[PDB]
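Engineer: My questions will all concern the structure given below.
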Amino acid sequence: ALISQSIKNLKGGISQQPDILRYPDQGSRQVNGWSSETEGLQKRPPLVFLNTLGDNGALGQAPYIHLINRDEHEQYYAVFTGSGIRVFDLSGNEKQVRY
Amino acid sequence: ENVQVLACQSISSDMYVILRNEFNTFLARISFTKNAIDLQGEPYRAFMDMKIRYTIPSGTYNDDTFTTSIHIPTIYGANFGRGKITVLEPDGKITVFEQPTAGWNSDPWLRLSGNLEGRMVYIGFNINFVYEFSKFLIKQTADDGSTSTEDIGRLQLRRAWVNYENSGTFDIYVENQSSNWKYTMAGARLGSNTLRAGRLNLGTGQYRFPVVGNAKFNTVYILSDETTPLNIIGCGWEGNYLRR
Amino acid sequence: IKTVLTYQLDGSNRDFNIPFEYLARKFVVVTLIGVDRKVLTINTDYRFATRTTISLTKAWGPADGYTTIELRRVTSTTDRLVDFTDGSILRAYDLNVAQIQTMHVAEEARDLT
Amino acid sequence: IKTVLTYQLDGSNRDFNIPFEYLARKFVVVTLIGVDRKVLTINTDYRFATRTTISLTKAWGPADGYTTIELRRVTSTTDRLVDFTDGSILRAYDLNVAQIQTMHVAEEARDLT
Amino acid sequence: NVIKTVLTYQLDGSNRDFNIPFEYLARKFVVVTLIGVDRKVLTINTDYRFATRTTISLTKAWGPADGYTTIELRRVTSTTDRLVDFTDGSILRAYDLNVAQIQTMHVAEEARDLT
Amino acid sequence: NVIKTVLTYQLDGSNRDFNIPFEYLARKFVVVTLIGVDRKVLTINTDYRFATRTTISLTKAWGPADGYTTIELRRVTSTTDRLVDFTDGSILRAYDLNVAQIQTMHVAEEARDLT
Amino acid sequence: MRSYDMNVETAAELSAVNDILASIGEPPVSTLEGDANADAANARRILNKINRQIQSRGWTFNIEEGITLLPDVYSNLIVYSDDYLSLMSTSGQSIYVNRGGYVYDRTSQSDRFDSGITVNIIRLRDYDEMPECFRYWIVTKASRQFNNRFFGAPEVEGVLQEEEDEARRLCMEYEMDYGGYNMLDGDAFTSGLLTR
Amino acid sequence: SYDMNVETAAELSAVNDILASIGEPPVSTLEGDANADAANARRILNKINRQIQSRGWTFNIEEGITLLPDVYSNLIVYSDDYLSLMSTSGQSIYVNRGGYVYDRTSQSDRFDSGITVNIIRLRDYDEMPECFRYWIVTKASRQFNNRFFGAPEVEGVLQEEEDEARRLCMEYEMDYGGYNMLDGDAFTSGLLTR
Amino acid sequence: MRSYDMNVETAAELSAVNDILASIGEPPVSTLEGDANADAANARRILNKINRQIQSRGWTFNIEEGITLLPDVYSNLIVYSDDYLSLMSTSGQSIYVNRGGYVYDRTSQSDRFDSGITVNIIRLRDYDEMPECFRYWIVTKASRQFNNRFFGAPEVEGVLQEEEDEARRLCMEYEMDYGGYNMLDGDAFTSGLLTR
């Protein structure tokens with residue numbers, strides 16, 4: 001019957017449902033993919049490098065991290081080690097905390 | 001792999017995420033701007049997963065062996081784990097270095113070739129953008145948001161095509177029950193105006209690849225690694241579909 | 001100009017002129033002939049005074065029986081100066097050296113025959 | 001590292017490994033030695049259980065004097081594994097195998113000297 | 001074993017046309033010489049012409065006269081001169097790429113055959 | 001009443017090929033011996049060969065001479081060795097399940113027939 | 001009749017299955033053992049029954065003239081296995097028929113035989129061990145049924161039927177070349193007449 | 001410079017004609033990453049090449065070549081290379097049984113001193129006449145679209161071309177054979193002698 | 001075979017490519033060298049294939065009668081290159097076949113030749129170096145395939161079919177005029193009969 005069809009959206013996203021039950025443009029899986037508005041499927045943004053915070057164990061094994069946005073010039077992380085606090089600027093520089 | 005994402009936090013326009021390797025902890029930002037390049041130079045806004053505008057020091061090059069060697073712990077904070085690092089020149093040139101068995105720990109030197117004495121190269125890893133298209137079946141959307149698939153009958157699909165804009169190389173894996181196929185789409189093509197040497201080589205086009213099978217047992221998934229944007233603006237397929 | 005050549009040792013003659021073109025220093029190999037084949041390290045045993053000339057630091061003379069010094073250019077087939085990746089541009093400089101690197105290996109074969 | 005090498009049979013051994021890298025099975029040419037230069041159909045007479053290891057498939061034997069086997073890699077210069085046609089997508093793969101073929105052809109010629 | 005690049009034809013009297021089996025990158029690479037007294041390399045302008053890509057025509061009738069028993073036809077590929085050069089403005093095409101490897105592959109042909 | 005697994009063919013002179021009607025799980029299970037003087041079990045490598053699945057070819061032409069009057073063809077199915085083994089990773093298939101059922105079916109044939 | 005998987009794979013059978021799968025449009029399969037492909041399994045089932053059928057028709061190489069069937073001396077009755085596609089007497093009138101899997105003499109009303117019989121048997125062979133000219137006809141016939149049974153496409157169906165007719169024509173052309181039948185001297189009756 | 005005499009690889013160029021028969025862009029290489037159409041076209045090209053040779057042509061049949069058994073086993077091997085095996089005169093006796101030459105009349109698969117037969121042996125896509133090489137490609141091109149991707153108008157022309165291609169190869173064999181009903185044939189030649 | 005871009009451009013080939021392009025409806029191309037036109041490249045590939053095929057059929061000017069092929073005296077074996085479209089003996093029965101790219105004497109089972117051989121050869125020529133009457137047939141056939149492969153339009157397809165049939169008729173008409181074959185005196189057999 002020479003049937004063909006084309007899809008323009010692919011906004012979709014991963015669906016675990018059966019292929020029969022999947023909406024058109026869902027797709028079985030996508031990794032590192034960005035489904036950006038009208039624009040098509042894209043690679044995720046590149047994650048540019050900023051300063052390394054420290055050693056692997058410098059932060060806690062399971063830390064609590066809360067970004068601070070006070071000013072357009074001052075932004076910070078308040079990352080909580082299991083014991084103690086560390087505070088870095090978004091530039092990567094570490095601002096020492098005194099208790 | 002072996003990388004833990006401690007916290008992703010987003011300022012209005014871009015998101016700053018810190019993630020730990022088995023040796024280090026890093027800070028990095030993911031910027032969601034529509035077209036803007038992240039770094040100065042940077043011919044086409046490369047996707048390198050850790051981007052630095054490195055300048056190679058004068059002590060790196062030696063003449064006894066032609067290779068110019070660069071030390072990863074100096075360019076970054078310190079040594080990494082397992083990954084494929086791409087070095088990208090101020091122009092389009094790319095050199096990719098396979099992950100050694102020790103994994104960049106015992107061997108932290110990446111050796112370019114020739115005199116890259118003081119170059120503005122960009123050094124970064126790779127991202128494996130995988131997308132699996134799901135099955136290709138007769139799907140009609142009806143009643144304002146309900147799609148029904150014609151389960152009755154057998155579809156023998158002949159081929160498929162993917163439309164891309166300002167996109168580089170990518171591989172369209174087609175995997176039937178028995179065997180698998182790749183169909184790498186790299187360049188413009190040998191007689192094309194675009195393939196002109198020294199030109200950035202990425203452009204808009206349609207790629208049609210032969211996909212044959214039962215339309216129900218063969219999986220078509222696209223993926224790419226080679227540090228070049230990939231924007232997929234369409235997809236399609238052709239089939240016979242005798243109903244029985 | 002032959003890619004392979006042997007020079008009369010001429011006693012304590014430190015330096016020797018090599019006329020053939022070579023893509024890289026590591027490709028040029030220096031051997032001593034007269035008793036057995038001897039391979040010399042690039043940097044400790046000899047030194048490249050310039051690109052055109054080469055000088056032996058230790059002046060292995062007509063002594064121990066070595067009477068001639070052989071200078072030949074061998075281009076490694078496994079080692080390639082330029083390699084092509086699916087991404088990236090294909091600069092004309094890369095395509096030219098790939099052409100001449102494999103030409104050098106073939107030219108070495110013709111001169112030996 | 002050398003493409004040309006010879007294995008002595010060393011008893012009825014079915015398996016011999018080839019150190020040199022090669023592109024296609026057809027390129028590797030093998031001859032039995034010991035009485036007269038005998039060429040054999042590589043595909044029918046030998047089965048590649050692995051890429052490096054050939055199989056005599058039974059104990060050819062030092063008996064009868066065929067106690068020597070020669071391993072040679074002759075990559076066909078007339079038949080090019082990859083030739084570029086206008087209208088075909090340029091790739092890293094085809095450029096790489098195109099280079100490694102001519103570097104294999106040059107290397108085989110150089111070792112023949 | 002067979003020598004593809006180099007082959008000799010018995011003159012057997014006056015024969016104008018000789019066929020060249022080997023492929024050649026340029027007409028300057030094919031060299032023709034008579035054999036029997038001295039290796040006399042023929043000039044392309046007047047001594048011998050082609051009239052066909054695979055055939056060469058010789059003006060005079062050598063045959064058994066002048067002591068030249070046979071004719072020698074071989075191809076020598078110039079190492080120093082490169083047929084194809086790549087420039088940034090240039091568009092890559094099948095012609096430029098195929099010449100790059102195959103010219104080198106011809107040089108290795110001569111070395112193997114001369115051995 | 002009929003003995004399917006065990007059957008003997010009169011040699012009647014030089015007859016090279018004999019038909020094996022019973023189904024057998026392996027060529028090692030089918031055992032062939034000449035009768036008339038002693039039970040001489042033939043080796044599979046050289047003495048006799050399976051030209052086809054159902055036909056055996058005996059190299060020498062026996063017959064009454066050699067005091068071997070007849071030929072005896074029977075199958076013995078090995079109890080200890082199992083043709084099919086099941087592992088967790090491996091896919092179940094019709095071949096695997098049929099062999100398991102039919103092997104112990106074969107062994108019951110010999111017990112019933114030898115009785 | 002045996003299971004399709006029971007036949008050992010060969011290069012000839014691998015290409016035949018690939019050709020059958022190509023009819024509906026499935027891609028070729030690399031190896032036959034250890035696959036989960038349902039279509040590849042069917043192609044071997046269709047190939048085996050077409051192979052068995054085409055062999056059943058009397059062919060010169062297929063028919064064996066005057067072969068001797070030996071009975072078990074103790075049992076005294078010959079086994080008429082399913083391997084024998086046809087069992088006919090050498091003379092004009094055939095007197096052997098199947099009764100309970102054993103050769104039975106209808107004119108004698110006895111299935112017990114002594115000293116053996118001489119017959120003409122068509123015996124089954126693999127897909128290999130078959131004349132090459134017949135291999136394409138087996139595939140071409142098997143392609144038609146495989147297309148018909150699973151994915152019936154009228155466009156490919158018409159081409160295959162034309163291809164089968166040409167394939168059958170060549171196979172007869174093979175038999176006439178193979179047979180070399182002579183109507184004067186090869187003929188049974190005419191040979192005695194030409195005696196002079 | 002166009003003085004060059006370089007020729008491209010015939011096997012790939014044959015595949016490209018199969019791909020180009022529908023308008024698909026040519027493939028730069030055969031070996032490498034698996035490609036469905038390149039794998040399909042190459043297989044059909046060898047499939048069709050094997051078919052066309054099996055039919056039998058004056059150059060194809062090798063007359064009176066001897067097949068020698070192994071000295072110890074006394075068996076001849078009927079390899080997959082042998083496309084046909086027929087006796088020289090008539091009523092061909094040798095067949096295949098278990099991969100070995102079997103003499104149906106004598107009911108013995110063991111021979112000594114060899115046998116004389118007429119064998120059609122497989123050849124590459126090359127080593128075939130230009131008349132036949134075009135026929136194989138145009139036959140494989142028609143088989144390509146019929147099976148895998150069907151274009152109605154393409155098959156119509158490729159059907160016409162294949163008939164024309166088939167006709168030309170017959171004229172080749174008839175010209176190659178030069179068969180003579182007066183002197184060439186076995187029977188009438190003896191009658192003509194006077 | 002050989003690459004399309006290998007052949008040097010000439011005015012004859014430039015018009016032939018333009019005519020093939022027009023069959024679909026593409027505008028003519030000014031020059032062949034240094035263009036990015038994919039259709040122009042295809043038209044040359046289609047033209048070269050049809051050029052080789054139409055030459056392959058035996059024509060009087062194409063066929064060379066009794067030309068001598070000389071072997072390498074050292075090698076002793078003649079080269080059977082792909083440029084040789086057909087190789088036939090001058091006598092009735094042709095004895096030369098191709099084995100491994102070298103001329104092989106099937107009756108002699110030897111490919112080693114001395115003193116050369118006399119044969120009938122069809123040798124490939126360019127699109128130029130061809131009779132004018134044949135040039136329009138090559139184009140007409142090529143445009144038929146070029147239209148079929150890339151842009152298959154039934155309306156233009158039917159017109160090209162009769163254009164090719166007329167083109168073939170004229171080419172045969174050219175061949176008969178070129179040949180000047182005489183059935184009384186030019187004939188090999190009949191000439192010997194006419195002696196008086």
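We label chains A, B, ... in the order they appear in the structure tokens, count residues from 1 in each chain, and number ligands from 1 in the order shown.
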Check every residue of chain I for an atom within 8 Å of chain H, counting only C-alpha atoms, and provide those that qualify as a list in words.
Structural biologist: residues 1, 2, 3, 6, 7, 8, 53, 56, 57, 85, 86, 88, 92, 93, 94, 97, 98, 99, 100, 101, 106, 148, 149, 150, 152 and 154 of chain I
Engineer: Select residues of chain F: the criterion is any atom within 9 Å of an atom of chain H, counting only C-alpha atoms; output as a list in words.
Structural biologist: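 Residues satisfying the distance criterion: residues 16, 50, 51 and 52 of chain F.
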Engineer: Would you mind listing what lies within 8 Å of residue A:49 as a PyMOL selection string, with only C-alpha atoms counted and same-chain residues fewer than 3 positions away left out?
Structural biologist: chain B and resi 26-29+50-52
Engineer: Using the selection just defined, write its residues with N, CA, C and O atoms as an mmCIF file, in the first residue's frame.
Structural biologist:
data_model
loop_
_atom_site.group_PDB
_atom_site.id
_atom_site.type_symbol
_atom_site.label_atom_id
_atom_site.label_comp_id
_atom_site.auth_asym_id
_atom_site.auth_seq_id
_atom_site.Cartn_x
_atom_site.Cartn_y
_atom_site.Cartn_z
ATOM 1 N N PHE B 26 34.047 18.973 40.886
ATOM 2 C CA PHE B 26 34.134 20.073 39.936
ATOM 3 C C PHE B 26 32.913 20.970 40.043
ATOM 4 O O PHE B 26 31.869 20.571 40.560
ATOM 5 N N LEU B 27 33.067 22.194 39.548
ATOM 6 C CA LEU B 27 31.966 23.122 39.347
ATOM 7 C C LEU B 27 31.911 23.461 37.866
ATOM 8 O O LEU B 27 32.951 23.693 37.241
ATOM 9 N N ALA B 28 30.708 23.481 37.305
ATOM 10 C CA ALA B 28 30.528 23.745 35.888
ATOM 11 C C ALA B 28 29.120 24.266 35.653
ATOM 12 O O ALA B 28 28.203 23.969 36.420
ATOM 13 N N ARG B 29 28.945 25.045 34.591
ATOM 14 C CA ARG B 29 27.646 25.618 34.267
ATOM 15 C C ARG B 29 27.142 25.071 32.941
ATOM 16 O O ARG B 29 27.923 24.862 32.008
ATOM 17 N N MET B 50 33.139 19.406 29.040
ATOM 18 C CA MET B 50 33.945 20.179 29.979
ATOM 19 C C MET B 50 34.842 21.089 29.162
ATOM 20 O O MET B 50 35.906 20.654 28.721
ATOM 21 N N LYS B 51 34.457 22.345 28.995
ATOM 22 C CA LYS B 51 35.124 23.211 28.034
ATOM 23 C C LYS B 51 36.074 24.158 28.746
ATOM 24 O O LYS B 51 35.699 24.799 29.731
ATOM 25 N N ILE B 52 37.304 24.233 28.245
ATOM 26 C CA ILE B 52 38.295 25.202 28.693
ATOM 27 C C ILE B 52 38.980 25.798 27.474
ATOM 28 O O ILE B 52 39.250 25.096 26.494
#
Engineer: Would you mind reading off the distance between atom CA of residue B:147 and atom CA of residue B:212, one decimal, in Å?
Structural biologist: 24.4 Å
Engineer: Measure the distance from atom CA of residue H:30 to atom CA of residue B:130 in Å and round it to one decimal.
Structural biologist: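 Pair atom CA of residue H:30 / atom CA of residue B:130 returns 26.5 Å.
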Engineer: May I have the residues of chain C within 6 Å of chain E, counting only C-alpha atoms, written as a list in words?
Structural biologist: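 Contact residues on the first chain: residues 92, 99, 103, 106, 109 and 110 of chain C.
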Engineer: When you draw a straight line from atom CA of residue I:111 to atom CA of residue H:84, how long is it in Å?
Structural biologist: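 Separation between atom CA of residue I:111 and atom CA of residue H:84: 23.5 Å.
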Engineer: Just need the residues of chain I within 10 Å of chain B, counting only C-alpha atoms, so spit them out as a tab-separated table (two decimals) with N, CA and C atoms, in the first residue's frame.
Structural biologist:
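Contents of iface_34.tsv, as written:
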chain	number	residue	atom	x	y	z
I	34	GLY	N	34.56	21.30	-12.58
I	34	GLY	CA	34.41	22.25	-11.50
I	34	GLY	C	32.98	22.67	-11.22
I	35	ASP	N	32.06	21.71	-11.15
I	35	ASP	CA	30.68	22.00	-10.79
I	35	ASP	C	30.26	21.12	-9.63
I	36	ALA	N	29.30	21.63	-8.85
I	36	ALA	CA	28.73	20.90	-7.73
I	36	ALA	C	27.40	20.27	-8.07
I	37	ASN	N	27.03	20.24	-9.35
I	37	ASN	CA	25.74	19.70	-9.76
I	37	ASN	C	25.76	18.19	-9.65
I	38	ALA	N	24.90	17.64	-8.79
I	38	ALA	CA	24.82	16.19	-8.65
I	38	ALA	C	24.19	15.55	-9.88
I	41	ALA	N	26.70	15.12	-12.70
I	41	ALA	CA	27.59	14.00	-12.47
I	41	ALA	C	26.92	12.68	-12.81
Engineer: Find the spatial neighbours of stretch 17-24 of chain G, counting only C-alpha atoms, within a cut-off of 10 Å - ignore same-chain residues fewer than 4 positions away - and output them as an MDAnalysis selection string.
Structural biologist: (chainID B and resid 156 212:214 240) or (chainID G and resid 12:13 28:32 39:47 136 139:148 150:153 156:157 160) or (chainID H and resid 40 43:44 47 143:144 146:148)
Engineer: Export, as a tab-separated table (two decimals), in the first residue's frame, the selected residues with N, CA and C atoms.
Structural biologist:
chain	number	residue	atom	x	y	z
B	156	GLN	N	5.84	-3.98	6.24
B	156	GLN	CA	7.23	-4.10	5.81
B	156	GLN	C	7.71	-2.72	5.41
B	212	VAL	N	14.89	-1.82	6.80
B	212	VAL	CA	14.06	-2.88	6.25
B	212	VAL	C	13.77	-3.88	7.36
B	213	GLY	N	12.56	-4.40	7.39
B	213	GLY	CA	12.21	-5.33	8.43
B	213	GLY	C	10.71	-5.40	8.64
B	214	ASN	N	10.34	-5.74	9.88
B	214	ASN	CA	8.96	-6.08	10.18
B	214	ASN	C	8.18	-4.88	10.71
B	240	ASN	N	5.18	-0.95	3.15
B	240	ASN	CA	4.22	-1.55	2.22
B	240	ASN	C	2.86	-1.75	2.89
G	12	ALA	N	25.13	-23.03	1.19
G	12	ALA	CA	24.03	-23.09	0.23
G	12	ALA	C	22.70	-22.80	0.90
G	13	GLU	N	22.46	-23.39	2.08
G	13	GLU	CA	21.19	-23.19	2.76
G	13	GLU	C	21.08	-21.78	3.33
G	28	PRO	N	18.75	-9.86	4.97
G	28	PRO	CA	19.39	-11.16	5.10
G	28	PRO	C	19.87	-11.41	6.52
G	29	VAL	N	19.91	-12.69	6.89
G	29	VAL	CA	20.32	-13.12	8.23
G	29	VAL	C	21.74	-13.66	8.14
G	30	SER	N	22.57	-13.30	9.11
G	30	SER	CA	23.98	-13.67	9.06
G	30	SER	C	24.18	-15.17	9.28
G	31	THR	N	23.56	-15.73	10.32
G	31	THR	CA	23.72	-17.13	10.66
G	31	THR	C	22.38	-17.72	11.06
G	32	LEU	N	22.21	-19.03	10.85
G	32	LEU	CA	20.92	-19.65	11.11
G	32	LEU	C	20.83	-20.19	12.54
G	39	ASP	N	10.78	-15.26	11.25
G	39	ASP	CA	10.69	-15.36	9.80
G	39	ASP	C	11.76	-16.29	9.24
G	40	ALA	N	12.97	-16.22	9.78
G	40	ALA	CA	14.03	-17.10	9.30
G	40	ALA	C	13.69	-18.56	9.56
G	41	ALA	N	13.04	-18.85	10.69
G	41	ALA	CA	12.60	-20.21	10.96
G	41	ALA	C	11.56	-20.67	9.95
G	42	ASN	N	10.61	-19.80	9.61
G	42	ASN	CA	9.60	-20.16	8.63
G	42	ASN	C	10.22	-20.43	7.27
G	43	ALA	N	11.18	-19.60	6.86
G	43	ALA	CA	11.80	-19.77	5.55
G	43	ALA	C	12.44	-21.15	5.42
G	44	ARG	N	12.97	-21.69	6.52
G	44	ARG	CA	13.52	-23.04	6.47
G	44	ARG	C	12.42	-24.08	6.40
G	45	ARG	N	11.28	-23.83	7.05
G	45	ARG	CA	10.15	-24.75	6.93
G	45	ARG	C	9.60	-24.77	5.51
G	46	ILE	N	9.47	-23.60	4.89
G	46	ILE	CA	8.97	-23.55	3.52
G	46	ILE	C	9.98	-24.17	2.56
G	47	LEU	N	11.27	-23.95	2.82
G	47	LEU	CA	12.30	-24.50	1.95
G	47	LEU	C	12.30	-26.02	1.99
G	136	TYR	N	17.75	-23.09	-7.60
G	136	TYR	CA	17.06	-21.83	-7.84
G	136	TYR	C	15.56	-22.03	-7.98
G	139	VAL	N	14.18	-22.45	-4.49
G	139	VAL	CA	14.09	-21.14	-3.86
G	139	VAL	C	12.96	-20.32	-4.46
G	140	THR	N	12.84	-20.32	-5.79
G	140	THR	CA	11.82	-19.51	-6.44
G	140	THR	C	10.42	-19.98	-6.09
G	141	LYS	N	10.21	-21.30	-6.03
G	141	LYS	CA	8.93	-21.81	-5.55
G	141	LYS	C	8.72	-21.47	-4.08
G	142	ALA	N	9.76	-21.63	-3.27
G	142	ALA	CA	9.63	-21.35	-1.84
G	142	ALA	C	9.38	-19.88	-1.59
G	143	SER	N	9.95	-19.01	-2.43
G	143	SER	CA	9.70	-17.58	-2.29
G	143	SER	C	8.24	-17.25	-2.50
G	144	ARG	N	7.60	-17.89	-3.48
G	144	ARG	CA	6.19	-17.63	-3.78
G	144	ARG	C	5.31	-18.00	-2.60
G	145	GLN	N	5.51	-19.19	-2.04
G	145	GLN	CA	4.70	-19.62	-0.90
G	145	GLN	C	4.99	-18.78	0.33
G	146	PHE	N	6.27	-18.50	0.59
G	146	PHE	CA	6.63	-17.68	1.75
G	146	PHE	C	6.01	-16.30	1.65
G	147	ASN	N	6.06	-15.70	0.46
G	147	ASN	CA	5.37	-14.43	0.25
G	147	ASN	C	3.87	-14.58	0.43
G	148	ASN	N	3.30	-15.64	-0.13
G	148	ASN	CA	1.85	-15.83	-0.07
G	148	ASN	C	1.37	-16.01	1.36
G	150	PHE	N	2.67	-15.27	4.41
G	150	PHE	CA	2.93	-14.34	5.51
G	150	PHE	C	2.64	-12.90	5.14
G	151	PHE	N	3.20	-12.43	4.03
G	151	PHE	CA	3.03	-11.05	3.58
G	151	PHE	C	2.65	-11.08	2.11
G	152	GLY	N	1.37	-11.24	1.81
G	152	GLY	CA	0.96	-11.40	0.43
G	152	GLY	C	0.87	-10.10	-0.33
G	153	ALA	N	1.87	-9.81	-1.15
G	153	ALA	CA	1.93	-8.57	-1.92
G	153	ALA	C	1.69	-8.87	-3.39
G	156	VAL	N	4.87	-8.18	-5.94
G	156	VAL	CA	5.97	-9.14	-5.95
G	156	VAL	C	5.47	-10.52	-6.35
G	157	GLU	N	4.18	-10.78	-6.14
G	157	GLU	CA	3.63	-12.09	-6.47
G	157	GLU	C	3.66	-12.35	-7.97
G	160	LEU	N	7.30	-13.11	-9.14
G	160	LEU	CA	7.77	-14.42	-8.71
G	160	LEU	C	7.16	-15.54	-9.55
H	40	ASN	N	22.65	-5.83	0.58
H	40	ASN	CA	21.65	-6.44	-0.29
H	40	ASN	C	22.11	-6.45	-1.73
H	43	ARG	N	24.91	-9.03	-2.31
H	43	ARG	CA	24.47	-10.42	-2.25
H	43	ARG	C	23.70	-10.80	-3.50
H	44	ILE	N	22.82	-9.91	-3.97
H	44	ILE	CA	22.05	-10.19	-5.18
H	44	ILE	C	22.98	-10.27	-6.38
H	47	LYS	N	24.44	-13.59	-6.14
H	47	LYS	CA	23.35	-14.52	-6.41
H	47	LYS	C	23.06	-14.61	-7.90
H	143	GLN	N	15.94	-7.38	-9.73
H	143	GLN	CA	15.66	-8.13	-8.51
H	143	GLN	C	15.73	-7.24	-7.28
H	144	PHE	N	16.53	-6.18	-7.34
H	144	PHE	CA	16.72	-5.33	-6.17
H	144	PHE	C	15.43	-4.60	-5.81
H	146	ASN	N	12.30	-5.19	-6.96
H	146	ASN	CA	11.18	-6.10	-6.76
H	146	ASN	C	11.10	-6.56	-5.31
H	147	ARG	N	12.22	-7.00	-4.76
H	147	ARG	CA	12.24	-7.62	-3.45
H	147	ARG	C	12.15	-6.58	-2.34
H	148	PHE	N	13.07	-5.62	-2.34
H	148	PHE	CA	13.26	-4.79	-1.16
H	148	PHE	C	12.42	-3.52	-1.23
Engineer: May I have all residues of stretch 9-145 of chain G that DSSP, computed from the backbone, assigns to strand (DSSP E), given as number ranges by chain?
Structural biologist: G: 63-69, 84-89, 96-99, 102-105, 117-123
Engineer: Using 9 Å as the limit and counting only C-alpha atoms, can you tabulate each residue of chain D that touches chain H, with its shortest atom-to-atom distance in Å and the two atoms involved, as CSV?
Structural biologist:
residue,atom,partner,partner_atom,distance
D:78,CA,H:9,CA,8.5
D:79,CA,H:9,CA,6.2
D:80,CA,H:9,CA,6.6
D:81,CA,H:29,CA,7.1
D:82,CA,H:29,CA,5.1
D:83,CA,H:28,CA,6.2
D:84,CA,H:28,CA,5.1
D:85,CA,H:28,CA,5.6
D:86,CA,H:26,CA,7.6
D:87,CA,H:25,CA,5.8
D:88,CA,H:27,CA,5.4
D:89,CA,H:28,CA,7.3
D:90,CA,H:28,CA,7.9
D:93,CA,H:32,CA,7.4
D:94,CA,H:29,CA,7.0
D:97,CA,H:32,CA,8.8
